[PDB]
Amino acid sequence: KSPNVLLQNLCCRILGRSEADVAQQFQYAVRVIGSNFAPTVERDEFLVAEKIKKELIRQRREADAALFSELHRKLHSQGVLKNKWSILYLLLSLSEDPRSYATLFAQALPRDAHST
Amino acid sequence: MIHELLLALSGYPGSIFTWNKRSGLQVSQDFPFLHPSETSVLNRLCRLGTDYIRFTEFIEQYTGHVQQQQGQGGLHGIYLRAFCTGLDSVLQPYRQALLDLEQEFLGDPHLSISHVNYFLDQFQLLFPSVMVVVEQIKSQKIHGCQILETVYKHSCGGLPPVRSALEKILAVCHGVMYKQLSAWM
Amino acid sequence: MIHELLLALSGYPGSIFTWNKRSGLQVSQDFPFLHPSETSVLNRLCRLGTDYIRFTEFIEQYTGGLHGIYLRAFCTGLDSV
Amino acid sequence: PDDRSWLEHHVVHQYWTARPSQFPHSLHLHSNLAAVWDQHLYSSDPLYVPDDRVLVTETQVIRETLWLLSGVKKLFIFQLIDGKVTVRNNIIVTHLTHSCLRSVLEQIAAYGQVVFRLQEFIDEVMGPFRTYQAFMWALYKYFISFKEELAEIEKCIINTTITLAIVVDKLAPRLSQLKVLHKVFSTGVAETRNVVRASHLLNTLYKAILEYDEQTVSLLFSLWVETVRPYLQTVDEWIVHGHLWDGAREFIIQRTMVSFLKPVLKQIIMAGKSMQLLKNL
Amino acid sequence: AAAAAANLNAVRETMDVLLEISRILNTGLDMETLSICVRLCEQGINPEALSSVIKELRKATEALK
Amino acid sequence: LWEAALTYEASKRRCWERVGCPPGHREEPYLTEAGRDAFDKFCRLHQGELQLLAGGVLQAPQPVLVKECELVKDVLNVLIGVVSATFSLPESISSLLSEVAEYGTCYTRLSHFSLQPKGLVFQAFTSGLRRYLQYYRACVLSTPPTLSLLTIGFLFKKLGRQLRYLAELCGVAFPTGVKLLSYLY
């Protein structure tokens, strides 16, 4: 569609109330989508696949990490998604664990030795 | 092929089923696109309609063609009319079966042949057994109370539906002899 | 191919595997659309299906012959396993 | 062309009508087995000698075999040698390379002989012994149930995901039950007098119920009751009416041996004749 | 069209793949909403912005509980 | 847009010759498991065979028309005595039409025999006949709302023969008066 009309349906899926009942969080959505729109690091789904493996070992499961590998292969086999990195990074950002160090962790390319 | 079969089996012949007096109903058997799987089932189903046509034509010929009164009782007489009267009442579930088949085919016209054959399999035995009982009466020109023994010797059979079915006819022939019997004594 | 293979395993020998009364389902036939080492893999798989055949014949012959209701109980559990 | 096109589309018309089999396959070894096998055969250099392999679709064969098992006959597949359905070797599908195929249809043919013999026996009744009709009645009822099961599978074919290996495993407890009927009927046709030919048959079932004394035994029991049922009627008529009646005497005492009524037989004769002595008063 | 609908079946197949990925990760998202997100990245979008949007929207349903 | 179109019924038919992701094209049902278009073409093809075997001068009635229920309604009108467009006082449809048409043709010739009011016992007799003519007229359009066509010929078989016997009694020279009253007694 267009992004401005697409966010309001999100406001009806996540919130149970109508978009004529609340606008303030819709206004925060507009505020963050307007100001910045483009990524600051490079993309590849290979790196976030190796990071989804790191998250799945982290939740103390090990079977679903071999599940995610056949599933991520099916994602390549079909090939209908235009940017496969964004939605996988997106599911990665909203992770939840039912149940040291974080300055080592595998990051993206910094784009500080990169000019487009 | 679907409705055509019912129309022929009820006794309304077309040209798919060329009615003959020697092959009975018989399918045209010359289609350059026919299938041998359906062919045996067609020939098997034709026999019931052939027996049915012979039965009803005989009953029509020899019931109600006079005002009741020859000297032979192979074609005439009250006992002979009572025989055909019982035989018509036995034939009612065949009519009922065909009437159910039309409703199912109107509901779904893609039903298979084995389903139909499966439903008619109970009449498939019943018609040839009862055919010889009337065939002996017509051929030997059986007269009078000798009729009542003829059905009775064939209602010693070892098939329950045939046994009950011939018993119906013998009770029907019993009514009229009882009706004179009530007066003469 | 594997519609064929998953019924060869059910018991039919075929002309890819040759049944024998020493050890059944023997492949030595070469195919350039198969790997040459694949046969080795196949050989291991063959050892399963052979026994599955050898059991069923055993159930057929029984129930000096062997007879008894025990022969109607050993073969019976051989069905369910 | 305006009727043949409509015919060709919705009805198969490719192995009883001269139009060799047409299938829009994709390709590629998992289901292209026959063409791969032909290339292998050419590489082995026979030189060629083509066989009859028509490359027909698969589920039609299952519909045909299920019809054969239900009892009807005279289909295109399965050549007949003396009244014996045997495998047709002029057909392939793609897979089973015509050799595993030749075995599985042979197994179905071995079952098809046992249904053919019974259907021939039934046809020779509607086209007395006093137990043949009572025995074929129970046989006919068995076919009535069995055919319904099979036609239900065909009903699932009109509405697929069913392969050979599903229906053969489904019909395993029935084709086992069929083989018992090869043994009971063999004692019915192994023969002088028609009452001994009856007892030699009925005694087989009277033994075979004690053989298993599951699910087979209910079938044997329901078949035993319907063949002893004329004898129950005749012995009760001998008891209560004081006389025995059957034209030409379908009984073992005159005025091989069943053990059914045997342990009470002495009390029957002694009851029959004595009841006649009440009728003589 | 026939091939244009088998692609839609293909879209649903990857959507069930992402369904398993959503449960093993314990996200609140369902299938319709993830199709909206798929259209959003068809037009191009930061996942870091979508996560901030949804990380505001879900915990603004916990403020009227 | 996607989720609106996603909700459709998928492939449950599986190919064994197109194992990898079968889209499906429906394994081709039988000639007896097809109909109401293949029925009409099947009839047309057999009649085309018959015209080829004749030379085109064979000419069978009812190539196609009319319906089921409207044909039933015209048949019910003939049972009153209101003649159709085929009678006055597929091709197998004409035969089934004739077998029920002759019953209404009989009913007309009975009412036409009673249309007049010598012979005083004859005047009582004719008025007595019309008291059953009204009963025959009352039975139709009380039992059927509108039934299937085979029920029509089947249900009126037990009723039309009783009507037919009185046509053998009637003339349609012939007694009247006491000469009738003795003959009837």
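Residues numbered from 1 in each chain as written, not as in the entry; some residues may be left out. Chains lettered and ligands numbered in written order. Part of a larger assembly, values for the part shown. Heavy atoms only, no water.

J.: Can you walk me through the arrangement of the chains in this structure?
T.: Contacts between protein chains span 7 pairs of chains, and they are most numerous for chains A and E. A gap remains between chain A and chain B, which never touch, and the nearest two C-alpha atoms on either side lie 38 Å apart. Considering only C-alpha positions, the minimal separation of the non-contacting chain A and chain C is 22 Å. (Contact = heavy atoms within 4.5 Å.)

J.: Just to check I follow, could you spell out the side chain of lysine 41 of chain F for this structure?
T.: Mapped onto the secondary structure, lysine 41 of chain F falls in helix 2 (residues 38-54). Although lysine 41 of chain F lies buried, it forms no salt bridge, and the closest oppositely charged side chain, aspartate 37 of chain F, sits 5.5 Å away as judged by the N-O distance. Excluding residues that lie within four positions of it along the chain, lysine 41 of chain F makes contacts with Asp2 and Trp6 of chain D. (Helix = DSSP H or I, 4+ residues; strand = E, 2+ residues; numbered from the N terminus. Buried < 20%, exposed > 50% of the residue type's maximum accessible area, 1.4 Å probe, protein only. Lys, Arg positive; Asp, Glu negative; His and termini not counted. Salt bridge = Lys/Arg side-chain N within 4 Å of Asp/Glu carboxyl O.)

J.: When you look at the interface of chain E and chain A in this model, what are you seeing that I'm missing?
T.: The extent of an interface is frequently quoted as the accessible surface area lost upon association of the parts. Across the contact, 41 residues belong to chain E and 46 residues belong to chain A. Interface of chain E and chain A: buried area, both sides summed, is about 4,200 Å²; carbon and sulfur atoms make up 72% of it. The three residues of chain E that bury the most area against chain A are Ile24, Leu25 and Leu57 of chain E, which together make up 15% of that side's buried surface. There are 1 salt bridge connecting chain E and chain A. Measuring nitrogen to oxygen at the nearest pair gives 3.7 Å for the salt bridge that ties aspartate 30 of chain E to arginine 13 of chain A. Taken together, chain E and chain A are joined by 8 residue pairs in polar contact. Residue assignment for the side of chain E that touches chain A shows that the elements contributing at least two residues are helix 1 (3-25), helix 2 (31-43) and helix 3 (47-57) of chain E. Residue composition of the side of chain E that touches chain A, grouped by class: 22 nonpolar, 10 polar and 9 charged. (Buried area = accessible area lost by both parts, 1.4 Å probe. Polar contact = N/O pair within 3.5 Å; in protein donor to acceptor, adjacent residues only side chain to side chain. Nonpolar A, V, L, I, M, F, W, Y, C, P; charged D, E, K, R; others polar.)

J.: Before we go on, may I ask you to explain the nonpolar core in this structure?
T.: Nonpolar side chains in soluble globular proteins generally cluster together in the buried interior. Counting residues in each nonpolar core, the largest one holds 133 residues, and the members touching the most others are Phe17, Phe55, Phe83 and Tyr94 of chain B together with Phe78 of chain D. With 12 residues, the top contributor of residues to this core is helix 4 (residues 100-123) of chain D. If sequence neighbours within four positions are ignored, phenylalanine 17 of chain B has contacts with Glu4, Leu5, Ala8, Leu25, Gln26, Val27 and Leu42 of chain B. Judged by nonpolar contacts, the second largest core, of 39 residues, contains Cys11 and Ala29 of chain A together with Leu29 and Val53 of chain E. (Core = buried A, V, L, I, M, F, W, Y, C linked by side-chain atoms within 4.5 Å.)

J.: Help me out: how do you make sense of the state of the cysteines in this one?
T.: In a disulfide, the sulfur atoms of two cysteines are held together by a covalent bond. Tallied over the entire structure, the rule returns 0 disulfides over all chains. A disulfide-free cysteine, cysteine 43 of chain F has its sulfur positioned 16 Å from the sulfur of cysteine 46 of chain B, the nearest such atom. On the accessibility criterion, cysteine 43 of chain F (7% relative accessible area) is buried. Lacking any disulfide linkage, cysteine 106 of chain F is separated from the closest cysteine sulfur, that of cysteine 170 of chain F, by 9.1 Å. Under the relative-accessibility criterion, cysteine 106 of chain F is labelled buried at 14%. (Disulfide = S-S within 2.5 Å.)

J.: Whenever I open this one, the packing of helix 4 (residues 93-111) of chain F against helix 7 (residues 157-169) of chain F confuses me. Can you help?
T.: Two numbers describe a pair of packed helices, the interaxial angle and the distance between the axes. Residues and elements named next belong to chain F. Packing of helix 4 against helix 7 brings their axes to within 10 Å, and their N-to-C directions diverge by 40°. Viewed along their axes, helix 4 and helix 7 adopt a mutual orientation that is oblique. The interaxial crossing formed by helix 4 with helix 7 has left-handed handedness. The segment helix 4 lies against helix 7, with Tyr103, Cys106, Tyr107 and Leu110 engaging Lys157, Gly160, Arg161, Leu163, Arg164 and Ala167. (Axes fitted to C-alpha atoms, helices over the stretch in contact; angles between N-to-C directions. Parallel < 35°, antiparallel > 145°, perpendicular 65-115°, else oblique. Left-handed = near helix turned anticlockwise from the far one by under 90°.)

J.: Explanation requested: helix 3 (residues 78-90) of chain B in the structure shown.
T.: Each α-helix turn comprises 3.6 residues. Residues three or four places apart therefore point the same way. The end-to-end C-alpha distance of helix 3 of chain B is 19 Å, a good match for the 18 Å that 13 residues give at a rise of 1.5 Å each. Of the positions making up helix 3 of chain B, those classed as buried are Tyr79, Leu80, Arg81, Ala82, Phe83, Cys84, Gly86 and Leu87 of chain B. If you follow the buried residues of helix 3 of chain B, they end up packed against helix 2 (36-62), helix 5 (113-140), helix 6 (146-154) and helix 7 (160-184) of chain B together with helix 7 of chain F. (Expected span 1.5 Å × (residues − 1).)

J.: Even after reading the chapter, I still don't get the packing of aromatic side chains, so can you show me in this structure?
T.: We describe a pair of aromatic rings using the distance from one ring centre to the other and the angle between the two ring planes. Summed over the entire model, instances satisfying the criterion amount to 32 aromatic pairs over all chains. Centre to centre, the rings of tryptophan 67 of chain D and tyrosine 30 of chain F are 5.0 Å apart; their planes meet at 45°, and the pair counts as tilted. With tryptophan 67 of chain D in helix 3 (residues 59-70) and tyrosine 30 of chain F in the loop between helix 1 (2-5) and helix 2, this residue pair bridges two chains. Take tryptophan 67 of chain D: its relative accessible area is 9%, and that puts it in the buried class. Note on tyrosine 206 of chain D and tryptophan 224 of chain D: the rings are 5.5 Å apart at their centroids and 45° apart in plane angle, and the pair reads as tilted. By way of ring pairs, the aromatic residues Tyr52, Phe55, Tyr94, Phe123 and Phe127 of chain B are connected into one cluster. Of note, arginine 88 of chain D hangs over the ring of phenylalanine 76 of chain D, and the distance from its end group to the ring centre comes to 5.2 Å. Sitting over the face of the ring of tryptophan 6 of chain D, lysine 41 of chain F holds its NZ or CZ atom 4.3 Å from the ring centroid. (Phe/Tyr/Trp six-rings, centres within 6.5 Å; stacked < 30°, edge-to-face > 60°. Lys NZ or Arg CZ within 6 Å of the ring centre and 35° of its normal.)

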